[PDB]
Number of protein chains: 2
Amino acid sequence: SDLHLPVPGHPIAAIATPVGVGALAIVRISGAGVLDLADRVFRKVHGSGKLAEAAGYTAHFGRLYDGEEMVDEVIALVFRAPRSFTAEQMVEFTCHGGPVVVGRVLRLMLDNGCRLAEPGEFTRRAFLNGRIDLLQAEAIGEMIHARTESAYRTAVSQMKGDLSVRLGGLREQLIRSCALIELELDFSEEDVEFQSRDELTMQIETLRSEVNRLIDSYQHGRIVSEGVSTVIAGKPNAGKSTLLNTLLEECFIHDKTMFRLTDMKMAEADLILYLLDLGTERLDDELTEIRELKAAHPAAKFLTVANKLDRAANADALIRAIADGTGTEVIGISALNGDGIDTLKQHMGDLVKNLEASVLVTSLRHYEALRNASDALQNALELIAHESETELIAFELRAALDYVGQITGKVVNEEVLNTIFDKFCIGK
Amino acid sequence: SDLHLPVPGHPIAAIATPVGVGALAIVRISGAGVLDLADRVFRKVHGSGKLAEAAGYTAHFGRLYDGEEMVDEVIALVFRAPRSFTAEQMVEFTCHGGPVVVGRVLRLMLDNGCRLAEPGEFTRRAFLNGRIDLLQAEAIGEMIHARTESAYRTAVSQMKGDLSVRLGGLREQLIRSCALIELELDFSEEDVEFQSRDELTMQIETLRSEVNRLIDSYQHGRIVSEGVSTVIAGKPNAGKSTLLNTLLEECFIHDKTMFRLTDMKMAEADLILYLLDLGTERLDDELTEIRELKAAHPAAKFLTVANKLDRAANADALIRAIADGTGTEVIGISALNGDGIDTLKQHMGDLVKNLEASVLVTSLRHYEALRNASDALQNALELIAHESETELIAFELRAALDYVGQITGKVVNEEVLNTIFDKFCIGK
Ligand SMILES: Nc1nc2c(ncn2[C@@H]2O[C@H](COP(=O)(O)OP(=O)(O)CP(=O)(O)O)[C@@H](O)[C@H]2O)c(=O)[nH]1
Ligand SMILES: Nc1nc2c(ncn2[C@@H]2O[C@H](COP(=O)(O)OP(=O)(O)CP(=O)(O)O)[C@@H](O)[C@H]2O)c(=O)[nH]1
Ligand SMILES: [Mg+2]
Ligand SMILES: [Mg+2]
């Protein structure tokens, strides 16, 4: 008396809650005959309402047993048909939040038939069984690892599938535009007035500024996703390490904007901070060195940071000097002393303000595939203006559509799937 | 159509799962009209099966809303009458395991009527409403924070209430022994043969070796609970910091035995490690200094650790020398080099093996109250041998019983309750 559920994978197990101490922790398992396996270690307190023959979304209070030995007191939640995260049947034992206990709970599952889950495997299965699309599966991981109000908020928008509905809108627009020329190529004498060429050139143009708008989102969305890549550059003993350490590879947040610190990825960095040992630099007229870097990366925002302000006497004349002979803005700093750092950050968070309500695109795969989508759309657009064969024009619209589908996983790669889900923590 | 449930406290909220990133996290709330409050932020997906009118141990899939804004997609578990951790009605929203998300979920509960839970408040309420006794409430916290197989296993035994049944056994034995003399003090002429004095002296003696056995458990159980307090002592520049750091206040585990490292708590320390700069010590015949410390703490195990074995040439003759002129065992070590540390630990874990199946007592409150219990039992025991008034004898048995009850919370203190539950993490 059952339906057409997706064939479930081998039973897997992992700890779903963070590592550390806490009141509670979750170990979750999913796959084929998972609750039958759970039944063999879980003892319901009262009678013996078998876990396997239980309804979906029902909690059960009891104990996990390793034969004679008690493991913990747990609540066991039963997920049923397609109605669960992985769309296969799963059970999540929520238990006492101790490393030793939770670890011992995991091994009980492993020793009893579960293979340990692989990075992202849970979320992957969600995508693979069609409960989630590749965008939403990306959004889940992004929401967990998010470090900003904006980062979190964007993940929510995407996990809802705001981008996804926006794309399915273009998907069906391309399908409509695609099938117009594919009717011109059935032909044989089929000229039914109501022109094909004019009606389509616009259909492509509507779809192009549609896609181009989304391409511009990345400009901003990248900063939302992974912050502002900032490089601290200087000299031997300018105080780079001491600045990096007091500010917190690893990174900090300030005024709801994330900053990615690092130490070669100089080119392609949004903000360059040049640190010099104020006065104490043995050869000081190396503000040519700081002028050259500013001239070497015009794409970046630049700030000169005069460090060790506490060792230096009259600093106002030295700051003004450096500012003059480089044509940059200079901020006075003491890195070990932590002096005026809050001035530095208030300045740091200023070109990171870039030139409204609308859907964003995070990290470049979506971006890159949207570019190719645009190119093909514009190849097709130009191809009409040059009066070329329908075969070639319809063949670009196919390419465009294939790229758009690429981002929602419509066209699977299973190597793209890996570079995505390898970043995922073991347990979804 | 309801029962006699304990009056529930003000609605509280806290994050129940560890801090960090993970697939899932739990925010839990408990108190008066908690699910009514939950109903005001949680939207069930399908129709509108109100959370308040739902059955116990039933999960509900939906979304948390902050008015118009979505907060997360959650499963909401409903706990009902006395059937929950705190015995009051509670709900645990299990949601996406991101710091930003989980944090935003907590504030939604707080902004909607919940006061933030206090350290241990959840487990305290468990005890206060009588679902758990003070021993079991102690065991819960101990199981979470445990760092050893033994530590964890002992917590399980106690959370079951193994000690608790063992005590309730003495509780009713004292009640029986207490009421025997209290019948002698009703008297007026009541000498009903079947002697009172002989039958009771043994009843006290049975109960005394009963209690004394448990007092001896602490000797061992303390080491199980908080490991072996080990002090690394030396000289200016003997390499104490470098040894401490490579070995890992904070502490390490080795061969299923926990070691508590530290740097005055010299007296009352199980293991003393004396570290000296092998050879390089400017005045070396300061092995008198190391002999004096061994003679100053005979209660401890002692090991001399000859550090910086890598700088020193012929070390075997220097080690043998130090070993001779101090009467201690000497282990050769290089702290930065990490050389023969595994030999040191194999030696460290040797007097930490102390002179079988039976119930243990962890940290001294139980220990101390069991001492007083024994004293009073033995005061009463001696008092019979000295033929003193029944009033005085019955008054010691009362004192004994009161001490035994003290450990299971039978006699509340609410300042003892604080020093216990202040150690607890916010959220049980
Ligand atoms: N007075 C003062 N001294 C500083 C300050 N910052 C660093 N120093 C001194 O200068 C040294 C700089 O060390 P560090 O912070 O590692 O600078 P660095 O540029 O990373 C060294 P490298 O070029 O090798 O990476 C420190 O050892 C410290 O004594 C400061 O803000 N004020
Ligand atoms: N060759 C060698 N040198 C060491 C070793 N351990 C420490 N040193 C050297 O001796 C110094 C000892 O520093 P430290 O480890 O802090 O010893 P300490 O006894 O804690 C210093 P204090 O007495 O001030 O606490 C180090 O700076 C290091 O250069 C070792 O195992 N081998
Ligand atoms: Mg450095
Ligand atoms: Mg030191």
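Numbers run from 1 along the shown chain.
Backbone N, Cα and C atoms are what each Cβ position is placed from, and that goes for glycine too.
Here is what Swiss-Prot says about this protein:
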- B:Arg28, B:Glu92, B:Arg131, B:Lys428: (6S)-5-formyl-5,6,7,8-tetrahydrofolate binding site (BINDING)
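This view paints the features noted in Swiss-Prot onto the structure.
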| residue | record | DSSP (3 states) |
| --- | --- | --- |
| B:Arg28 | (6S)-5-formyl-5,6,7,8-tetrahydrofolate binding site | strand |
| B:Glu92 | (6S)-5-formyl-5,6,7,8-tetrahydrofolate binding site | strand |
| B:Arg131 | (6S)-5-formyl-5,6,7,8-tetrahydrofolate binding site | coil |
| B:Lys428 | (6S)-5-formyl-5,6,7,8-tetrahydrofolate binding site | coil |
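Counting other C-beta atoms within 10 Å of each candidate's C-beta, the binding-site residues B:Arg28, B:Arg131 are led by B:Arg28. Using a 10 Å radius centred on the Cβ of B:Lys428 ((6S)-5-formyl-5,6,7,8-tetrahydrofolate binding site) and all shown protein chains, the other Cβ atoms total 29. Of all Cβ atoms in the shown protein chains, 27 besides its own fall within 10 Å of the Cβ of B:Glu92 ((6S)-5-formyl-5,6,7,8-tetrahydrofolate binding site). Spanning 4 unmodelled residues, the distance from B:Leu355 to B:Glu356 taken between Cα atoms equals 10 Å. Each end of the 20-residue unmodelled stretch has a Cα atom, at B:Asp263 and at B:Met264, and these lie 7 Å apart.
In this structure the residues listed as binding (6S)-5-formyl-5,6,7,8-tetrahydrofolate are B:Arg28, B:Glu92, B:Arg131, B:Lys428; their two most distant Cα atoms lie 19 Å apart. Two residues, B:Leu248 and B:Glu249, bracket 18 residues absent from the model, and the distance between their Cα atoms is 11 angstrom.
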